[PDB]
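Notes follow the structure.
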Number of protein chains: 2
Amino acid sequence: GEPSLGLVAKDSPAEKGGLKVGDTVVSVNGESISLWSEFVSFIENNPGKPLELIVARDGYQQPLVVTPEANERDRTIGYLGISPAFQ
Amino acid sequence: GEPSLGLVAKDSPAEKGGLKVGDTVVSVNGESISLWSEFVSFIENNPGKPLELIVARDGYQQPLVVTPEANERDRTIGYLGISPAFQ
């Protein structure tokens, strides 16, 4: 639902780019997003390409760059190493 | 996508009711489900009431009961403590 992160995998693109549990993704490449599925779409469809994020963390919005890597099960789609917030 | 548990939060209603990573939820309250979002609908809309699950684990189905608790960020919605696998 909401574009807020649960757990971040160790040594993942998400960890390397500075994402943390609890971050809310505000925008990707300047495009505002409101749905987790939109964030997932940007990840899966852009393997190897940097994504410029604005995230809300601890009451402030800050920029990050994260680059999806080739998913080990299907190298044609991107993987960041993130799970959505627990529901 | 699939109602298959990638992550189960520690000390959550999900853990306390016996759910484990890798379980697939087959039905809730006798109603078959096929989508993660359907399980989320049952959880979010039934805070504080038991849900009767059938779960598939290692090829066998078994009954479990879980009781969603009031969500942290929003105490009007139920929370179980589940997330899909990393993406």
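Ordered as shown in the structure tokens, chains take letters A, B, and onward, while each chain numbers its residues from 1 and ligands are numbered from 1 in the order shown.
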Within chain B, find each residue whose DSSP state, derived from the backbone, is strand (DSSP E), and express the selection as number ranges by chain.
-> B: 7-8, 24-28, 31-32, 51-57, 60-66, 69-70, 78-79, 82-83
For the contact check between chain B and chain A, emit one row per residue of chain B within 12 Å, containing the shortest atom pair and the distance in Å rounded to one decimal, counting only C-alpha atoms, chain then rising number order, as CSV.
residue,atom,partner,partner_atom,distance
B:1,CA,A:37,CA,10.4
B:5,CA,A:86,CA,10.9
B:6,CA,A:83,CA,8.8
B:7,CA,A:86,CA,8.3
B:8,CA,A:86,CA,8.1
B:9,CA,A:86,CA,7.2
B:10,CA,A:86,CA,10.7
B:12,CA,A:86,CA,9.8
B:13,CA,A:87,CA,10.6
B:14,CA,A:87,CA,10.0
B:36,CA,A:87,CA,10.8
B:37,CA,A:1,CA,9.1
B:39,CA,A:87,CA,9.9
B:40,CA,A:87,CA,7.1
B:41,CA,A:87,CA,10.1
B:42,CA,A:87,CA,11.1
B:43,CA,A:87,CA,8.0
B:44,CA,A:87,CA,7.9
B:45,CA,A:87,CA,11.7
B:47,CA,A:87,CA,11.9
B:68,CA,A:87,CA,9.6
B:69,CA,A:87,CA,10.4
B:70,CA,A:87,CA,10.8
B:71,CA,A:87,CA,8.2
B:72,CA,A:87,CA,10.2
B:73,CA,A:87,CA,10.8
B:74,CA,A:87,CA,11.2
B:77,CA,A:87,CA,9.7
B:78,CA,A:87,CA,8.1
B:79,CA,A:87,CA,5.3
B:80,CA,A:87,CA,5.8
B:81,CA,A:86,CA,5.2
B:82,CA,A:86,CA,5.1
B:83,CA,A:86,CA,5.1
B:84,CA,A:83,CA,6.6
B:85,CA,A:83,CA,6.4
B:86,CA,A:83,CA,4.7
B:87,CA,A:81,CA,5.3
Those residues with N, CA, C and O atoms, as a compact mmCIF listing (two decimals), in the first residue's frame please?
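Saved file part_12.txt follows:
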# COMPACT_ATOMS: atom_id res chain seq x y z
N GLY B 1 1.45 -9.75 -4.55
CA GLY B 1 1.11 -10.83 -5.46
C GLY B 1 0.50 -12.03 -4.76
O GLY B 1 -0.71 -12.04 -4.51
N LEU B 5 4.43 -15.89 2.73
CA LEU B 5 5.10 -15.01 3.68
C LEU B 5 6.60 -15.01 3.45
O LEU B 5 7.26 -16.04 3.54
N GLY B 6 7.15 -13.83 3.17
CA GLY B 6 8.58 -13.71 2.97
C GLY B 6 9.26 -13.35 4.27
O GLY B 6 10.40 -13.76 4.54
N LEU B 7 8.56 -12.56 5.09
CA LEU B 7 9.09 -12.12 6.37
C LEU B 7 7.97 -12.10 7.39
O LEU B 7 6.83 -11.72 7.07
N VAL B 8 8.29 -12.50 8.61
CA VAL B 8 7.35 -12.49 9.73
C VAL B 8 8.01 -11.71 10.86
O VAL B 8 9.08 -12.10 11.34
N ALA B 9 7.38 -10.61 11.28
CA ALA B 9 7.98 -9.74 12.29
C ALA B 9 8.04 -10.43 13.65
O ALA B 9 7.13 -11.15 14.05
N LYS B 10 9.13 -10.18 14.38
CA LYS B 10 9.30 -10.79 15.69
C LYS B 10 8.27 -10.26 16.68
O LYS B 10 7.96 -9.06 16.70
N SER B 12 5.18 -10.48 16.76
CA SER B 12 3.97 -9.98 16.14
C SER B 12 2.81 -10.96 16.35
O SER B 12 3.03 -12.12 16.71
N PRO B 13 1.57 -10.52 16.13
CA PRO B 13 0.46 -11.48 16.10
C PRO B 13 0.71 -12.65 15.15
O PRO B 13 0.32 -13.78 15.45
N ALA B 14 1.35 -12.39 14.01
CA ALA B 14 1.66 -13.48 13.08
C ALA B 14 2.55 -14.53 13.72
O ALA B 14 2.26 -15.74 13.66
N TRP B 36 -2.21 -11.79 -2.07
CA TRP B 36 -1.69 -11.11 -0.89
C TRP B 36 -2.64 -10.02 -0.42
O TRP B 36 -2.91 -9.89 0.78
N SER B 37 -3.16 -9.22 -1.35
CA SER B 37 -4.02 -8.10 -0.99
C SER B 37 -5.30 -8.57 -0.30
O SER B 37 -5.86 -7.82 0.52
N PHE B 39 -5.48 -11.18 1.79
CA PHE B 39 -5.10 -11.42 3.18
C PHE B 39 -4.97 -10.11 3.92
O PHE B 39 -5.48 -9.96 5.04
N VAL B 40 -4.32 -9.12 3.29
CA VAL B 40 -4.20 -7.80 3.90
C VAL B 40 -5.57 -7.21 4.21
O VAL B 40 -5.77 -6.60 5.27
N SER B 41 -6.53 -7.37 3.30
CA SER B 41 -7.88 -6.88 3.59
C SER B 41 -8.49 -7.52 4.83
O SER B 41 -9.13 -6.82 5.64
N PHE B 42 -8.32 -8.83 5.00
CA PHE B 42 -8.84 -9.48 6.20
C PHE B 42 -8.15 -8.97 7.45
O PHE B 42 -8.78 -8.80 8.50
N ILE B 43 -6.83 -8.73 7.37
CA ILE B 43 -6.08 -8.27 8.53
C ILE B 43 -6.48 -6.85 8.90
O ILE B 43 -6.83 -6.56 10.05
N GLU B 44 -6.42 -5.94 7.93
CA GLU B 44 -6.62 -4.53 8.21
C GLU B 44 -8.01 -4.24 8.74
O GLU B 44 -8.19 -3.32 9.55
N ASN B 45 -9.00 -4.98 8.27
CA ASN B 45 -10.38 -4.67 8.57
C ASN B 45 -10.93 -5.47 9.73
O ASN B 45 -12.13 -5.37 10.01
N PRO B 47 -9.28 -5.65 13.21
CA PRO B 47 -8.45 -5.49 14.42
C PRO B 47 -9.12 -6.13 15.63
O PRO B 47 -10.33 -5.99 15.84
N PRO B 68 -5.24 -9.99 14.57
CA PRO B 68 -4.61 -8.70 14.28
C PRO B 68 -4.72 -7.77 15.48
O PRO B 68 -5.71 -7.77 16.21
N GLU B 69 -3.66 -6.98 15.70
CA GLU B 69 -3.66 -5.97 16.74
C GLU B 69 -3.81 -4.59 16.12
O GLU B 69 -3.68 -4.42 14.91
N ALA B 70 -4.09 -3.60 16.96
CA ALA B 70 -4.17 -2.23 16.46
C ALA B 70 -2.83 -1.80 15.88
O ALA B 70 -1.79 -1.96 16.51
N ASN B 71 -2.86 -1.28 14.65
CA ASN B 71 -1.64 -0.84 13.98
C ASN B 71 -1.03 0.35 14.71
O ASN B 71 -1.72 1.17 15.32
N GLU B 72 0.30 0.44 14.64
CA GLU B 72 1.04 1.50 15.33
C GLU B 72 0.74 2.86 14.72
O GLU B 72 0.22 3.76 15.39
N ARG B 73 1.08 3.03 13.44
CA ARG B 73 0.88 4.28 12.72
C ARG B 73 -0.60 4.61 12.51
O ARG B 73 -0.90 5.71 12.02
N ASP B 74 -1.51 3.71 12.86
CA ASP B 74 -2.94 3.92 12.66
C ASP B 74 -3.74 2.89 13.44
O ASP B 74 -4.01 1.80 12.92
N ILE B 77 -6.74 0.34 12.17
CA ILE B 77 -6.59 -0.78 11.25
C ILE B 77 -5.83 -1.90 11.94
O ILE B 77 -5.02 -1.69 12.85
N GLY B 78 -6.16 -3.13 11.53
CA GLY B 78 -5.49 -4.30 12.07
C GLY B 78 -4.10 -4.47 11.49
O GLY B 78 -3.81 -4.07 10.36
N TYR B 79 -3.23 -5.09 12.29
CA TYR B 79 -1.84 -5.34 11.95
C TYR B 79 -1.48 -6.75 12.37
O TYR B 79 -1.80 -7.17 13.49
N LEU B 80 -0.79 -7.48 11.49
CA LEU B 80 -0.40 -8.85 11.77
C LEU B 80 1.10 -9.04 11.92
O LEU B 80 1.53 -9.80 12.79
N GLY B 81 1.91 -8.37 11.10
CA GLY B 81 3.36 -8.52 11.13
C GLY B 81 3.93 -9.34 9.99
O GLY B 81 4.80 -10.20 10.21
N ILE B 82 3.45 -9.13 8.77
CA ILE B 82 3.88 -9.92 7.63
C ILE B 82 4.33 -9.00 6.50
O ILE B 82 3.88 -7.86 6.38
N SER B 83 5.21 -9.53 5.67
CA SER B 83 5.65 -8.81 4.48
C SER B 83 6.06 -9.85 3.45
O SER B 83 6.46 -10.97 3.82
N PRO B 84 5.94 -9.53 2.16
CA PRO B 84 6.51 -10.41 1.13
C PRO B 84 8.03 -10.39 1.17
O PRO B 84 8.66 -9.59 1.87
N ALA B 85 8.62 -11.30 0.40
CA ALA B 85 10.06 -11.36 0.30
C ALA B 85 10.61 -10.06 -0.30
O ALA B 85 9.89 -9.26 -0.89
N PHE B 86 11.92 -9.87 -0.13
CA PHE B 86 12.60 -8.70 -0.66
C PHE B 86 12.42 -8.59 -2.18
O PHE B 86 12.37 -9.59 -2.89
N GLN B 87 12.31 -7.36 -2.65
CA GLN B 87 12.31 -7.08 -4.09
C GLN B 87 13.23 -5.90 -4.39
O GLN B 87 13.79 -5.29 -3.48
Provide the atom CA of residue A:18 to atom CA of residue A:60 distance in Å, to one decimal place.
->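 Distance between the two atoms: 14.7 Å.
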Measure the distance from atom CA of residue B:64 to atom CA of residue A:2 in Å and round it to one decimal.
->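 Atom-to-atom, atom CA of residue B:64 to atom CA of residue A:2, that is 27.7 Å.
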Nearest candidate to residue A:63 (options A:38, A:4, A:21, A:51; using only C-alpha atoms) |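 Comparing A:38, A:4, A:21, A:51 against residue A:63, the winner is A:51.
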From a DSSP calculation on the backbone, collect every residue of chain A in alpha helix (DSSP H) and output the set as a PyMOL selection string.
-> chain A and resi 13-17+36-45
Find the residues near residue A:30: any atom within 10 Å, counting only C-alpha atoms, skip ones fewer than 5 places away on the same chain, and give them as an NGL selection string.
-> :A and (51-54)
